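Down below is the structure, laid out as structure tokens.
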Amino acid sequence: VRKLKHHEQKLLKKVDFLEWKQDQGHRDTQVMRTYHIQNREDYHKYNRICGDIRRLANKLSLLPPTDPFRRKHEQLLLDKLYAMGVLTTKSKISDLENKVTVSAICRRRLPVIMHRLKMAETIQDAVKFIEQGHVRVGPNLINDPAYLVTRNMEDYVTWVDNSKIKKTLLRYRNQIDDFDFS
Amino acid sequence: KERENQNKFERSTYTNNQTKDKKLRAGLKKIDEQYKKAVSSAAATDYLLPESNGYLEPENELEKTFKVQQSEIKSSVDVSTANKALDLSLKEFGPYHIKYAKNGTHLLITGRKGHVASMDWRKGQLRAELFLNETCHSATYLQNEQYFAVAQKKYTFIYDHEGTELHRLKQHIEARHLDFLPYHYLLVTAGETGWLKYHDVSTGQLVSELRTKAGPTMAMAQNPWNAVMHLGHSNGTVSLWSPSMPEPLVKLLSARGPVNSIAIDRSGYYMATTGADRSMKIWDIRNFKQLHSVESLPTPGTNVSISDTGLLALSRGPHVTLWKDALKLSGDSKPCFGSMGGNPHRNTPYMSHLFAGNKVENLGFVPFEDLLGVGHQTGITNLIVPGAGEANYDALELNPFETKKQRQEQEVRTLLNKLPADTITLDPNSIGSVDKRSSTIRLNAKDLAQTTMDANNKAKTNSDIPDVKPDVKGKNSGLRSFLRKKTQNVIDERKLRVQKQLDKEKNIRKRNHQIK
Amino acid sequence: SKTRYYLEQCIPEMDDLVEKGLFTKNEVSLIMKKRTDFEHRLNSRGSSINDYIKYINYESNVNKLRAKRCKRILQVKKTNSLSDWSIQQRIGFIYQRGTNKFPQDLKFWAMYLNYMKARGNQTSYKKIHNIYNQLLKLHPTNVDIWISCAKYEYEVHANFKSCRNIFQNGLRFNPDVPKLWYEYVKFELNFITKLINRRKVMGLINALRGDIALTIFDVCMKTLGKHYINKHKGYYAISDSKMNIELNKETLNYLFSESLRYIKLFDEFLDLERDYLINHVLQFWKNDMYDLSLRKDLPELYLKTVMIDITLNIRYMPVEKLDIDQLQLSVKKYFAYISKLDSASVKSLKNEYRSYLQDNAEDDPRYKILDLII
Amino acid sequence: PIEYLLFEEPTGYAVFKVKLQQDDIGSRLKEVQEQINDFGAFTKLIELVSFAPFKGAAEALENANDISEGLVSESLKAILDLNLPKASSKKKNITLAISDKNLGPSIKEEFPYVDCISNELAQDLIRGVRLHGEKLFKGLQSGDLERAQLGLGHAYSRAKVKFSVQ
Amino acid sequence: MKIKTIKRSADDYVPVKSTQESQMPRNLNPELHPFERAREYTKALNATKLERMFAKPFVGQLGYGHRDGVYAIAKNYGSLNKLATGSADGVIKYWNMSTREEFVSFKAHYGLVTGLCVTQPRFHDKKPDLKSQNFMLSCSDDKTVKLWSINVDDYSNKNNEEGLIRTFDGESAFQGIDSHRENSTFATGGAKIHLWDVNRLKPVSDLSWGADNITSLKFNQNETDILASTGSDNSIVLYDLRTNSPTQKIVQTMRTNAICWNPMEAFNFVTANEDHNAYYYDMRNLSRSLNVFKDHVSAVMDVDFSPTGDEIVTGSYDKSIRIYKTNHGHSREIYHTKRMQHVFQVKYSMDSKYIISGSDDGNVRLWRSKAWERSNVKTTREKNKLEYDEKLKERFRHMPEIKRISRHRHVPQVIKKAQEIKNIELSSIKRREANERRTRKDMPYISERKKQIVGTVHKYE
RNA sequence: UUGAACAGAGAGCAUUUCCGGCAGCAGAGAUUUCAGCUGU
């Protein structure tokens with residue numbers, strides 16, 4: 001912590017007060033900084049599900065390469081994860097080990113969907129807006145940031161009517177019709 | 001040269017249950033002269049000791065000492081100590097587990113709800129106030145005020161000086177008790193799982209996982225002398241543990257029911273354990289005798305603590321009660337609650353206090369000052385306990401006035417002389433010695449030749465066989481115990497000549513019986 | 001740390017001082033915490049000779065309290081154990097440490113010398129010699145240390161050989177201040193006066209002259225003149241002959257004023273041949289000084305030396321029998337001066353008349369003297 | 001053995017006493033070469049025993065010319081005769097470390113019991129006391145040494161060139 | 001009720017003025033300082049590890065070496081840094097070891113210069129100028145002993161006819177030379193050992209036991225009139241110069257390459273011989289060595305004592321040198337280099353801190369006797385730390401974890417393989433002699449310290 | 001290599017030669033300390 005001299009750094013090399021090997025390079029912290037994750041245990045709650053997908057993918061690739069059970073369940077899991085939005089392509093089954101990843105499950109969260117739909121300028125702005133209760137999917141208002149938005153369910157991410165944000169974008173283009181409140 | 005206080009500075013040694021070498025004789029004579037000179041000159045430092053310990057003394061027979069009030073102490077003592085006797089009223093988060101740094105400079109409080117605050121309690125400087133909204137249980141500093149470990153809902157977390165999270169420990173699954181071993185740099189962890197985990201803070205490496213095998217760990221304390229961990233279980237059993245042996249070093253049967261709290265003296269000699277059977281028990285640690293058994297407390301003692309000058313602070317809910325000279329051998333030092341008719345041979349409380357609103361969570365003496373910090377349901381309260389602190393610290397072990405540069409260099413130096421976790425034994429003086437195998441006389445290779453000679457001639461002299469003796473009640477004759485302890489189906493030449501010498505013994509016993 | 005070493009060097013004397021039942025443990029802990037304060041201030045950074053001085057004053061005060069408590073408790077004046085010299089030895093070592101650290105304040109060096117001399121029979125004069133040797137080594141140019149060294153070894157020990165060696169070594173180092181010259185001629189006159197008085201005393205019970213003082217007087221004039229002509233006109237001799245003769249005149253004025261002070265404090269040694277010992281300085285000043293003190297300027301100095309040579313027998317009391325013997329010598333002196341001088345003639349006449357009138361029934365013989373010097 | 005050290009400087013003469021010898025064989029090594037830069041270890045080698053200051057700039061210029069052309073002046077004779085012990089002239093002379101190999105013969109011409117050393121050990125001892133300067137002297141001189149250096153350099157140069165102000 | 005608490009007061013613990021250091025109160029209670037064995041065990045382990053990383057013993061080679069391998073070296077016992085070395089091609093050189101550069105070189109002879117030493121030549125007509133001239137003399141196999149003077153810049157007292165002031169002459173070759181430490185005398189071994197003085201051009205006395213030649217020579221350092229010599233009949237002969245005669249000889253198994261006398265004990269010497277070990281002998285009893293220094297793997301070429309008399313240095317024909325504590329009998333240290341071949345000469349400098357080795361590729365190299373030890377002057381904090389660490393390594397010396405670290409060196413491949421086959425050979429002969437002793441009746445237990453003397457004239461009673 | 005007288009150093013080593021005991025008395029310096037004779 002004091003920038004050890006040469007004899008000290010030679011004499012105690014494995015000493016590190018910040019980065020440990022159980023930390024795994026602080027990647028929970030790293031991807032929760034990237035996608036602005038509030039609570040500490042969401043990374044590991046997603047890591048359990050990525051481990052489920054990859055455990056099944058291992059145990060399913062250990063079946064013989066031609067039997068219809070392996071082919072049906074590999075294709076069925078691939079279709080389910082593409083439809084949910086974690087996987088970005090349902091083509092190859094090496095996605096079920098390589099491209100299945102806590103960052104993919106985190107890119108499917110509601111503020112990241114928002115920021116990619118240009119509905120907020122950054123992920124922290126999207127977090128603030130859906131905490132303030134501006135965003136509804138479908139009819140019903142969504143209030144928490146961790147909400148996972150599937151591919152067919154991202155067509156209905158809008159703002160609530162009577163939103164001040166909806167009002168100011170309509171009045172920026174002065175398409176505001178005050179009959180329907182915005 | 002005489003030095004009335006030498007036996008504090010003396011050092012025990014090995015005994016057998018003189019020499020002809022001239023050079024070795026004079027070397028041992030120089031060694032004994034140097035040991036005597038070193039003990040005498042080290043014991044003459046008590047002149048150089050700057051301060052004197054505190055006290056309070058009754059000066060009357062109507063003036064008992066347990067009925068002296070904290071406001072009366074704060075009026076009778078100086079303004080600096082009266083300002084050290086702090087009181088934080090933190091009502092909304094839960095009962096506050098208290099913890100002090102090993103020099104008394106920093107305080108670390110944890111609410112049960114989420115509120116963990118590390119602070120310089122004697123200035124007005126807090127340096128971490130973090131609200132971790134899951135139920136925290138305990139915390140401790142590591143080697144400094146610069147890092148602290150908190151035991152949260154499940155995982156133990158480690159935070160830096162300003163409160164940023166450094167580590168989430170994926171092991172240490174449900175801690176309720178954390179304690180740091182400062183000479184070994186080990187964070188020790190126990191809790192609702194029946195497991196005890198030693199984690200090296202410097203390297204970052206989980207040193208030991210030990211099955212307690214006795215359910216959740218109800219209490220936990222560290223021997224400051226030899227760094228073994230006394231855990232108290234729901235059996236009424238204390239067990240002394242080291243990170244080398246996967247079994248407890250010792251298991252003591254302290255109480256009935258569970259064991260609510262354990263405290264160890266800093267000399268490593270006495271241990272006070274409170275059980276849930278309303279029983280405080282003072283234990284000898286070195287010889288494992290039970291010194292005192294104060295049974296039928298009015299309500300179960302939820303905490304015990306032992307100061308640096310040997311006070312005993314027991315806490316039974318609202319009440320805190322301190323006894324002076326209770327950790328002694330004689331039966332006149334058994335801690336009583338009243339003196340039946342004014343008996344001078346009854347250890348009445350040295351002082352007591354009642355936290356009338358609440359139930360205290362834990363106790364901890366402030367290290368080098370005369371205070372007892374008790375953390376309770378509505379925050380923190382320091383109590384001015386006058387006999388309760390080492391007045392003369394050593395400033396190169398741990399210094400209450402240490403600066404930033406001194407903290408930096410002392411951190412690097414103690415990190416450099418970190419003791420390995422394998423050197424933790426029940427006695428600290430057992431890592432210079434020889435094995436308790438490997439014969440106590442050193443061997444001069446003439447007797448090695450003699451040993452290989454009788455190993456060659458174990459046959460036809462039967463030196464590895466019990467000797468023939470007829471008069472030894474031949475149902476327990478040694479040779480038949482050999483024959484019975486051996487497996488009864490294989491046949492080797494050793495057991496053949498034991499059978500031969502056994503028939504010889506039976507025939508000699510037969511003829512001795514016949515002539516008798 | 002070395003404060004730890006010094007503090008635990010202090011413990012056997014208080015072992016002994018608790019065993020001899022004069023101090024108690026609670027008061028000796030108080031003197032140890034005060035001494036801890038002082039030792040830490042001594043051998044830490046930012047140290048001061050006032051820290052040394054206050055430590056010496058504290059140790060002398062606890063020594064005086066120890067002596068008072070010994071006389072009141074044990075009713076002896078020393079316990080002849082460790083605790084009656086250890087504290088004076090401590091004071092001497094604090095002085096030695098201070099003079100090794102700050103060897104620049106002569107106040108502290110002289111406090112060391114004063115305490116070491118006043119320690120009495122218990123100290124050693126070779127121990128005073130050692131600190132005189134190292135002090136004179138560090139300050140060879142400071143001249144009062146040479147005077148004090150020689151004064152200690154003559155006015156206390158009466159060691160004439162070593163005192164002569166000290167004065168000759170000091171005059172080797174700084175042969176430029178006249179104060180060391182005057183104290184050397186003072187020492188030589190004191191030594192020859194003690195020599196002839198022990199001769200007179202051995203006569204009254206039962207060759208070697210002031211020519212030593214005259215020879216050191218001669219080299220005093222020569223080397224003081226040389227060092228003033230080298231001190232002024234400092235860097236080079238870039239000065240024309242007007243400035244060279246102005247300089248040489250001024251060095252004659254300087255040197256002759258010092259010899260005027262020499263005779264002025266030379267007259268009071270009246271137990272040797274004071275007439276001869278003043279007349280030899282008169283004849284040493286009478287000769288030529290290479291820039292015409294008589295035949296040119298410093299004629300006022302020539303008149304001063306003529307007045308001195310006139311009154312050199314008339315240095316007498318109002319009992320003027322010597323005047324009635326040899327006032328014709330003063331008359332011939334005034335005649336020989338007024339045979340050449342022009343305004344110094346009237347000046348010397350009026351001055352000798354005023355001097356004889358100021359210095360000299362009894363007014364009727366003084367009326368004869370007034371008629372003589374009228 | 002390099003027992004004493006003579007440092008000449010514009011304020012006067014200094015005699016130092018060598019406490020600890022530096023290494024002879026390891027004299028080119030890195031630690032021995034930078035212990036004369038560290039002051040905390042140079043004060044383990046050198047201790048000041050005497051400093052005779054000059055009488056002024058006139059005696060300073062006289063002694064600067066005498067030191068320049070390699071002669072023992074009278075102030076040198078005084079300070080060396082005060083400080084150096086009366087050793088023998090035939091067996092174990094006292095050893096003085098100078099910086100001038102043609103000032104050495106003038107020192108043995110006056111004190112035959114003194115052998116003079118100016119080789120690389122005496123040279124780096126001398127440049128150690130030159131590198132530290134005012135710190136070794138413990139406060140005992142009048143006048144800043146660089147101010148006396150400016151005055152003495154200008155005086156020496158004008159003397160050597162015969163600078164006339166007419 | 002009287003009452004008193006801890007009044008810390010802050011004037012005694014944090015200082016008033018900022019320029020001065022903080023007070024460090026001590027309290028020597030073992031309660032305050034708990035792990036007193038483990039803490040200094042770890043300090044002794046960190047001291048052994050710090051020594052094994054600070055061990056940088058090679059100082060430097062001096063000059064450019066010679067052309068044909070250094071076979072003779074002599075220090076002068078009065079100056080610290082001066083060293084004379086001679087090679088196989090007859091060139092000798094005088095060295096300043098401070099600057100690592102030669103004062104002078106000399107084409108001294110035509111053959112090998114087989115010996116050289118240094119002198120203070122007591123002429124009784126001239127006076128030796130030892131403050132500006134150094135003197136080295138040197139014998140070769142071309143039947144000549146030559147005496148040379150060297151211009152030396154060590155004092156600056158003076159301001160000159162340097163080389164070859166005289167030429168002693170023998171009829172047969174010479175093989176060793178050593179000078180008496182007084183009285184103008186030296187001795188040369190060769191076909192026969194002669195005594196000489198620097199005035200006469202012929203030997204004063206021939207002091208030879210028999211008609212068997214002499215390979216080496218050393219004079220004693222105190223009791224300076226006792227000589228010792230090694231003859232090629234595996235013989236070690238002592239001579240006395242009061243009686244002007246030989247004194248006693250012993251015959252060993254193999255040939256003694258060198259001797260050096262103990263400079264602090266005056267009757268002990270160490271021989272360095274061709275079975276690969278050194279023998280520490282007492283002059284008053286040559287029937288047993290009083291030590292054997294065993295760790296070399298080829299023939300030991302040269303030995304020398306520390307001037308403290310406490311350790312020896314020992315260079316051998318396996319291209320490595322070894323330093324031995326005098327009371328142990330195994331090597332404290334081994335120095336090797338891929339560039340160093342066949343170290344034929346080793347001296348121990350008069351500082352007792354450096355070790356000069358002359359190899360046979362040409363080079364003369366300086367080493368530190370203590371590898372981890374630096375030669376700066378030390379403040380008292382680092383000096384106290386260093387001697388605390390020395391005492392701590394001393395009292396934990398035999399713990400297995402620090403013994404395996406302090407015992408460790410990197411030895412070359414050839415010496416390591418010779419060492420392990422030497423181990424299995426010695427273990428095999430101990431097995432076979434244990435069997436033979438189990439059977440046979442009267443097998444005497446001969447000591448290791450006697451196992452190498454085949455005989456001794458003037459038997460001991 | 002020894003001897004002699006001389007000049008010294010404070011840098012070593014003994015031992016019972018005296019003192020660090022008491023007064024009477026004069027002397028010394030700034031009321032405390034300092035300096036010698038007649039006996040205990």
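Going through the structure tokens in order, the chains are called A, B, and so on, while each chain numbers its residues from 1 and the ligands are numbered from 1 in the order shown.
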- Item | Residue hits in chain C, query chain B, radius 9 Å, only C-alpha atoms, as a ChimeraX atom specification | /C:7-8,11,14-15,25,28-30,32-33,36
Preceding selection exported with N, CA, C and O atoms as a JSON list (two decimals), in the first residue's frame:
[["chain", "number", "residue", "atom", "x", "y", "z"],
["C", 7, "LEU", "N", 18.17, 6.73, 29.05],
["C", 7, "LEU", "CA", 17.20, 6.64, 30.13],
["C", 7, "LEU", "C", 17.41, 5.39, 30.97],
["C", 7, "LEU", "O", 17.28, 5.44, 32.19],
["C", 8, "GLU", "N", 17.76, 4.28, 30.34],
["C", 8, "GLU", "CA", 18.05, 3.10, 31.13],
["C", 8, "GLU", "C", 19.49, 3.03, 31.60],
["C", 8, "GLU", "O", 19.85, 2.13, 32.36],
["C", 11, "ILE", "N", 18.97, 4.27, 35.36],
["C", 11, "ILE", "CA", 18.34, 3.43, 36.39],
["C", 11, "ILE", "C", 19.19, 2.89, 37.55],
["C", 11, "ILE", "O", 18.58, 2.64, 38.61],
["C", 14, "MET", "N", 19.07, 5.25, 40.65],
["C", 14, "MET", "CA", 17.83, 5.32, 41.39],
["C", 14, "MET", "C", 17.42, 3.99, 42.00],
["C", 14, "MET", "O", 16.64, 4.00, 42.96],
["C", 15, "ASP", "N", 17.91, 2.87, 41.47],
["C", 15, "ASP", "CA", 18.00, 1.65, 42.27],
["C", 15, "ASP", "C", 18.63, 1.94, 43.62],
["C", 15, "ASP", "O", 18.01, 1.74, 44.67],
["C", 25, "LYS", "N", 9.36, 5.49, 45.29],
["C", 25, "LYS", "CA", 9.17, 5.06, 43.91],
["C", 25, "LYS", "C", 8.28, 6.02, 43.14],
["C", 25, "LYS", "O", 8.54, 6.28, 41.96],
["C", 28, "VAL", "N", 10.46, 9.08, 42.34],
["C", 28, "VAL", "CA", 11.51, 8.83, 41.38],
["C", 28, "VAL", "C", 10.93, 8.55, 39.99],
["C", 28, "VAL", "O", 11.59, 8.83, 38.98],
["C", 29, "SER", "N", 9.67, 8.11, 39.91],
["C", 29, "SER", "CA", 9.02, 8.05, 38.60],
["C", 29, "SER", "C", 8.76, 9.44, 38.04],
["C", 29, "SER", "O", 8.80, 9.64, 36.82],
["C", 30, "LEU", "N", 8.53, 10.42, 38.91],
["C", 30, "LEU", "CA", 8.32, 11.79, 38.45],
["C", 30, "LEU", "C", 9.62, 12.39, 37.93],
["C", 30, "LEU", "O", 9.63, 13.07, 36.90],
["C", 32, "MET", "N", 11.96, 10.63, 36.68],
["C", 32, "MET", "CA", 12.25, 9.95, 35.43],
["C", 32, "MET", "C", 11.40, 10.44, 34.29],
["C", 32, "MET", "O", 11.87, 10.42, 33.15],
["C", 33, "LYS", "N", 10.17, 10.87, 34.53],
["C", 33, "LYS", "CA", 9.42, 11.36, 33.39],
["C", 33, "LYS", "C", 9.88, 12.75, 32.98],
["C", 33, "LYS", "O", 9.90, 13.07, 31.78],
["C", 36, "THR", "N", 12.94, 11.97, 31.06],
["C", 36, "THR", "CA", 12.56, 11.43, 29.76],
["C", 36, "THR", "C", 12.26, 12.54, 28.78],
["C", 36, "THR", "O", 12.69, 12.49, 27.62]]
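Comparing the minimum interatomic distances between chain E and each of B:459, B:108, B:496, B:385, counting only C-alpha atoms, we find that B:385 sits nearest.
Residues in contact with residue C:108 at 12 Å, where only C-alpha atoms (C1' of nucleotides) are counted and same-chain residues fewer than 3 positions away are skipped, are listed as residues 48, 49, 50, 51, 52, 53, 54, 56, 94, 95, 96, 97, 98, 99, 100, 101, 102, 103, 104, 105, 111, 112, 113, 114, 115 and 135 of chain C.
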- Assign secondary structure with DSSP using the backbone only, and return the residues of stretch 137-181 of chain C in helix (DSSP H, G or I) as an MDAnalysis selection string. chainID C and resid 137:138 144:155 160:173 178:181
File of the preceding selection, C-alpha atoms, as a PDB file, in the first residue's frame:
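Result went into again_27.pdb, see below:
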ATOM      1  CA  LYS C 137      41.472  23.708  18.882  1.00  0.00           C
ATOM      2  CA  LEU C 138      38.017  24.806  17.749  1.00  0.00           C
ATOM      3  CA  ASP C 144      39.934  35.214  25.847  1.00  0.00           C
ATOM      4  CA  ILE C 145      40.040  31.423  25.846  1.00  0.00           C
ATOM      5  CA  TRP C 146      43.843  31.592  25.689  1.00  0.00           C
ATOM      6  CA  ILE C 147      43.833  34.130  28.519  1.00  0.00           C
ATOM      7  CA  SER C 148      41.437  31.991  30.569  1.00  0.00           C
ATOM      8  CA  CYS C 149      43.454  28.818  29.959  1.00  0.00           C
ATOM      9  CA  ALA C 150      46.726  30.409  31.010  1.00  0.00           C
ATOM     10  CA  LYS C 151      45.005  32.207  33.896  1.00  0.00           C
ATOM     11  CA  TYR C 152      43.653  28.918  35.209  1.00  0.00           C
ATOM     12  CA  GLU C 153      47.021  27.266  34.949  1.00  0.00           C
ATOM     13  CA  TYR C 154      48.974  30.100  36.579  1.00  0.00           C
ATOM     14  CA  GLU C 155      46.584  31.725  39.059  1.00  0.00           C
ATOM     15  CA  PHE C 160      55.007  28.765  34.733  1.00  0.00           C
ATOM     16  CA  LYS C 161      56.349  26.505  31.961  1.00  0.00           C
ATOM     17  CA  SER C 162      52.944  25.465  30.646  1.00  0.00           C
ATOM     18  CA  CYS C 163      51.661  29.030  31.041  1.00  0.00           C
ATOM     19  CA  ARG C 164      54.536  30.298  28.891  1.00  0.00           C
ATOM     20  CA  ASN C 165      53.734  27.593  26.338  1.00  0.00           C
ATOM     21  CA  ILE C 166      50.051  28.613  26.245  1.00  0.00           C
ATOM     22  CA  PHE C 167      50.915  32.269  25.707  1.00  0.00           C
ATOM     23  CA  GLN C 168      53.484  31.511  23.011  1.00  0.00           C
ATOM     24  CA  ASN C 169      51.028  29.241  21.165  1.00  0.00           C
ATOM     25  CA  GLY C 170      48.276  31.844  21.346  1.00  0.00           C
ATOM     26  CA  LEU C 171      50.635  34.500  20.057  1.00  0.00           C
ATOM     27  CA  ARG C 172      51.556  32.101  17.283  1.00  0.00           C
ATOM     28  CA  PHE C 173      47.900  31.810  16.285  1.00  0.00           C
ATOM     29  CA  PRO C 178      47.199  43.684  21.313  1.00  0.00           C
ATOM     30  CA  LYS C 179      45.219  42.268  24.236  1.00  0.00           C
ATOM     31  CA  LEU C 180      47.123  38.974  24.159  1.00  0.00           C
ATOM     32  CA  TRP C 181      50.387  40.911  23.991  1.00  0.00           C
TER      33      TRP C 181
END
- Could you give me, as a PyMOL selection string, the residues within 8 Å of stretch 153-156 of chain A, counting only C-alpha atoms (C1' of nucleotides) and dropping anything in the same chain fewer than 2 positions from it? chain A and resi 113+136-138+149-151+158
- Message: With 8 Å as the limit and counting only C-alpha atoms, what residues in chain E lie close to chain C? Please list them as JSON, numbers by chain.
- Response: {"E": [12, 19, 20, 21, 23]}
Let me see the file: selected residues, N, CA and C atoms, as a PDB file, in the first residue's frame.
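In the end it all went to selection15.pdb:
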ATOM      1  N   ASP E  12       3.206  14.759  26.239  1.00  0.00           N
ATOM      2  CA  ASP E  12       4.257  13.775  26.360  1.00  0.00           C
ATOM      3  C   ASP E  12       4.279  12.808  25.196  1.00  0.00           C
ATOM      4  N   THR E  19       9.268  20.364  14.595  1.00  0.00           N
ATOM      5  CA  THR E  19      10.536  19.933  14.040  1.00  0.00           C
ATOM      6  C   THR E  19      11.078  18.666  14.675  1.00  0.00           C
ATOM      7  N   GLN E  20      10.512  18.197  15.777  1.00  0.00           N
ATOM      8  CA  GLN E  20      11.120  17.112  16.522  1.00  0.00           C
ATOM      9  C   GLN E  20      10.248  15.866  16.476  1.00  0.00           C
ATOM     10  N   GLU E  21      10.874  14.720  16.727  1.00  0.00           N
ATOM     11  CA  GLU E  21      10.216  13.442  16.532  1.00  0.00           C
ATOM     12  C   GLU E  21       9.281  13.113  17.684  1.00  0.00           C
ATOM     13  N   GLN E  23       7.495  10.869  20.637  1.00  0.00           N
ATOM     14  CA  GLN E  23       7.972   9.987  21.682  1.00  0.00           C
ATOM     15  C   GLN E  23       7.504   8.572  21.398  1.00  0.00           C
TER      16      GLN E  23
END
Write out as a PDB file with N, CA and C atoms (P, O5', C5', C4', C3', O3' and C1' of nucleotides), in the first residue's frame each polymer residue whose atoms come within 12 Å of residue F:22, counting only C-alpha atoms (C1' of nucleotides); drop sequence neighbours fewer than 2 positions from it.
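Okay, result_31.pdb is ready:
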ATOM      1  P     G F  24      34.802  25.042  65.326  1.00  0.00           P
ATOM      2  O5'   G F  24      35.389  25.843  66.570  1.00  0.00           O
ATOM      3  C5'   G F  24      36.098  25.172  67.603  1.00  0.00           C
ATOM      4  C4'   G F  24      37.501  25.702  67.734  1.00  0.00           C
ATOM      5  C3'   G F  24      37.867  26.829  66.786  1.00  0.00           C
ATOM      6  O3'   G F  24      37.420  28.094  67.230  1.00  0.00           O
ATOM      7  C1'   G F  24      39.570  25.204  66.748  1.00  0.00           C
ATOM      8  P     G F  39      49.719  16.671  66.832  1.00  0.00           P
ATOM      9  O5'   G F  39      48.739  16.179  67.985  1.00  0.00           O
ATOM     10  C5'   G F  39      48.086  14.923  67.907  1.00  0.00           C
ATOM     11  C4'   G F  39      46.695  15.001  68.481  1.00  0.00           C
ATOM     12  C3'   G F  39      45.737  13.909  68.035  1.00  0.00           C
ATOM     13  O3'   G F  39      45.890  12.738  68.821  1.00  0.00           O
ATOM     14  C1'   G F  39      44.685  16.037  67.869  1.00  0.00           C
ATOM     15  P     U F  40      45.076  11.395  68.491  1.00  0.00           P
ATOM     16  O5'   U F  40      43.711  11.563  69.302  1.00  0.00           O
ATOM     17  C5'   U F  40      42.798  10.484  69.441  1.00  0.00           C
ATOM     18  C4'   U F  40      41.378  10.933  69.217  1.00  0.00           C
ATOM     19  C3'   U F  40      40.609  10.172  68.148  1.00  0.00           C
ATOM     20  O3'   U F  40      40.057   8.957  68.625  1.00  0.00           O
ATOM     21  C1'   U F  40      40.311  12.508  67.846  1.00  0.00           C
TER      22        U F  40
END
Can you check which parts of chain C lie within 12 Å of chain F? Per residue, the shortest pair of atoms and distance in Å to one decimal, counting only C-alpha atoms (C1' of nucleotides), sorted by chain and number, as a Markdown table.
| residue | atom | partner | partner_atom | distance |
| --- | --- | --- | --- | --- |
| C:76 | CA | F:21 | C1' | 11.3 |
| C:77 | CA | F:21 | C1' | 11.1 |
| C:78 | CA | F:20 | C1' | 9.7 |
| C:79 | CA | F:20 | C1' | 11.5 |
| C:80 | CA | F:20 | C1' | 9.0 |
| C:84 | CA | F:20 | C1' | 11.7 |
| C:85 | CA | F:20 | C1' | 11.5 |
| C:117 | CA | F:34 | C1' | 10.9 |
| C:118 | CA | F:34 | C1' | 8.4 |
| C:119 | CA | F:34 | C1' | 10.2 |
| C:120 | CA | F:34 | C1' | 8.1 |
| C:121 | CA | F:20 | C1' | 8.3 |
| C:122 | CA | F:20 | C1' | 8.1 |
| C:123 | CA | F:20 | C1' | 11.8 |
| C:124 | CA | F:10 | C1' | 11.3 |
| C:125 | CA | F:10 | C1' | 10.9 |
| C:126 | CA | F:10 | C1' | 7.3 |
| C:127 | CA | F:10 | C1' | 9.3 |
| C:128 | CA | F:10 | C1' | 11.8 |
| C:129 | CA | F:10 | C1' | 9.6 |
| C:130 | CA | F:10 | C1' | 8.9 |
| C:156 | CA | F:35 | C1' | 10.8 |
| C:161 | CA | F:7 | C1' | 11.9 |
| C:162 | CA | F:8 | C1' | 11.3 |
- Identify every residue of chain A that has at least one atom within 10 Å of any atom of chain E, counting only C-alpha atoms, and report the result as a VMD selection string. chain A and resid 7 to 8 10 to 11
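If we count only C-alpha atoms, these residues of chain A sit within 9 Å of chain B: residues 1, 2, 4, 8, 11, 12, 13, 14, 15, 16, 17, 18, 19, 20, 21, 22, 23 and 26 of chain A.
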